[PDB]
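Taking it in order: structure first as structure tokens, then the write-up.
Throughout, a chain's letter reflects where its sequence line sits, starting with A, and its residues are numbered from 1. Any value given below was found using the heavy atoms of this structure, including those in side chains, with hydrogens, waters and symmetry copies removed.
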There are 2 protein chains.
Amino acid sequence: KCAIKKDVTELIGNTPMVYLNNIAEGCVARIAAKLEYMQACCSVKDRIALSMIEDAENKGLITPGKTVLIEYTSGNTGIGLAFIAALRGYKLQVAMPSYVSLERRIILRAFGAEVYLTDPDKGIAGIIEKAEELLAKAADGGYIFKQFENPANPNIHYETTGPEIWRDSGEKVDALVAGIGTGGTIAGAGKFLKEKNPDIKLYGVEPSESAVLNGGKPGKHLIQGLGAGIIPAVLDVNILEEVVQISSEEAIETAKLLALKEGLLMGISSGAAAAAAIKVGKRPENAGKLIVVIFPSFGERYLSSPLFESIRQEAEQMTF
Amino acid sequence: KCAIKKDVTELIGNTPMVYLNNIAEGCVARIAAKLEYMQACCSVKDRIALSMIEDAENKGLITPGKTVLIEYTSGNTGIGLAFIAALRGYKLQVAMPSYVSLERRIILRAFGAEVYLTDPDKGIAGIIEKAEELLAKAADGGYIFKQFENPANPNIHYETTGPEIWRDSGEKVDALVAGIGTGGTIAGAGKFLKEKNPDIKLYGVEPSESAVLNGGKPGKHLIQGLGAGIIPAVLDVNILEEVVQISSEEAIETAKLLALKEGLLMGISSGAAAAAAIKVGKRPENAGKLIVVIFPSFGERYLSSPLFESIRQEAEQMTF
Ligand SMILES: [Cl-]
Ligand SMILES: [Cl-]
Ligand code: NA
Ligand code: NA
């Protein structure tokens, strides 16, 4: 009884950290990775799905069996909303670009969510437009979560992710490295950490092919979860020390090294974040410091992605 | 520093339990599920991969960069060995039936393991034969782990899984329900629990189409992870109260209900174990008792399985 969780929502957050060892050869800082796949549905977005649903409930803006929940998503936020909507009795509709993997669409449908695909050429505008169309058709009321502007997104990282890093690092964390998608993680956890110790430095990560935070133009890239092509409303770029640019190729190669050297089967965005943390960790000014890097998800969620393309081809041609 | 794990092997075990709620409507016992996907590579077998490797190391039977590690597996034990072999510098070869999913073969190759497929018509005999062939070809020595007879398999569940259940249940657990594959989980955890409280009852689960523990003949079934068609050497059937028989169909339907009612995307063998626990939990003699049920893995590992067949067909036919 005494440690048994009430339901799946009590399995969100409280994720562990692990040192990076052989992959960090040459670093003069120590690097610890926070493993966001170790929770209810195996990604960081589980935190914001619960936070945004609870916020809407506290305001009476969603009611089970009445309100249609709606979100625009590339997959992980939709999945986070979907398992909680199933548990709590909400109808859920997600708008997603048609390039999202079949695997993530299967997971959404297994939780009973409805999937509406959009034209990839219309970008973020396309999925926001579809979410607005769905809201207009909701006969008994709907609610769009809007994770790029909803304060419950950074706020949950201020309330949980940041405090976990501070406590679990023994208050010794010197820097946070985090890829920026919505920017909620680095905005909320970083705000908390700098309140605890204003010397802590925050490093964003973005694709070098879509380096909008550094003033570049949007462009196509492979780092799923990063590079939305916009500066999200929930992110204040002024608190950042730097936004490190990582190529799709470098992110994929570093993800492969996480599996082969650390035994960690991680996704492309974790590869990008690790590559950035290792670069920062080689700088002489960081000698003896502790760098914490966010790993947002698990590699098993991305087996149809370019991360595994050449392996997939080999395994298809094998027999007994 | 103070809670940061040394490496991925310190992320094995110590998994949480969660109450089952709406899916257990009608039960007069309370049911708590132990979530073995919440660890390093998301299955119960991570425990025995580390235990069997450490045992061989303690005996000097495997040496990194010299010994070829070999195991016969249907996937999860191979994956557990593979991430530790990658971390520690061991070459690993696995023998598997050719029906194992492409997804699990991709994961094995991403960790650098070599995959040797066998004829499914030769059953367990086929994969043991291939492992013996590989051992004969190992020029500098090899080692076959033999999870069906290796005592390090049940012993780790005596040392970790059982103690976790006892402690996390506040010493109130009255019964353990666990599917039997190698039988290591129920043998080791059950042995520990009955030492703590000899009134605790142990319920195995097996497929009704391959009910060998109940005296039936082996047969084809869909409950991946259960129903090896043999009685493994590491299992003493005499400690069991009962082996509950669950059909492939019932296991799949219950797995679907775990996702839709509990928000838990679980695999077919977790569906079978939950179905058995819910049946036992409806018996009047168990009124007021606490039943713990083992959930061995996560449903995302099985998206190409019959559990998702009809959803997969729907999602393939969708456009923007
Ligand atoms: Cl293969
Ligand atoms: Cl779809
Ligand atoms: Na302060
Ligand atoms: Na005793």
Examine distances only and state if a side-chain atom of B/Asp7 and a backbone atom of B/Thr9 form a donor-acceptor pair shorter than 3.5 Å. yes
How long is the gap from OH on A/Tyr99 to NZ on A/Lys220, to the nearest 0.5 Å? 7.5 Å
Pick out which of B/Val68, B/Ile70, B/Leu81 makes a side chain to side chain contact (heavy atoms under 4.5 Å, CB included) with B/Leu92. B/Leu81
Looking at A/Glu253 and A/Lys256, is any side-chain nitrogen of the basic one under 4.0 Å from a carboxylate oxygen of the acidic one? no
In this structure, CG of A/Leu11 is separated from CZ of A/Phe83 (nearest 0.5 Å) by 8.0 Å
For the pair A/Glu171 and A/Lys196, find out whether any cationic side-chain nitrogen is under 4.0 Å from an anionic carboxylate oxygen. no
Charged N-O contact under 4.0 Å between B/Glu71 and B/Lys45: no
Is it true that A/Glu242 and A/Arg283 make a salt bridge, defined as a side-chain N closer than 4.0 Å to a carboxylate O? yes
Working to the nearest 0.5 angstrom, can you tell me the gap between A/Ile311 CD1 and B/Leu108 CG? 10.5 Å
Short question: side chain of B/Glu103, backbone of B/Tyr302 - any donor-acceptor pair under 3.5 Å? no
Inter-residue atom distance A/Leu202.CG - A/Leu193.CG, 0.5 Å rounding: 7.0 Å
Counting only N and O atoms by type, is there a donor-acceptor contact under 3.5 Å from the side chain of A/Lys194 to the main-chain atoms of A/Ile200? yes
Over 60° means perpendicular and under 30° means parallel, so tell me whether A/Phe298 and A/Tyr37 are parallel, tilted or perpendicular. parallel
Which distance, rounded to the nearest 0.5 Å, do you find between the CD1 of A/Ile23 and the CG of A/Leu260? 9.0 Å
When you measure from the side chain of A/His157 to the backbone N and O of A/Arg47, does any donor-acceptor pair fall under 3.5 Å? no
Rounded to the nearest 0.5 Å, what separation is found between the OG atom of A/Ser297 and the CG atom of A/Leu35? 11.0 Å
Please determine whether a side-chain nitrogen of the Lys or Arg among A/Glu164 and A/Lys34 lies less than 4.0 Å from a carboxylate oxygen of the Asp or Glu. yes
Backbone N/O of A/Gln147 and side chain of A/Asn153: donor-acceptor pair under 3.5 Å: yes
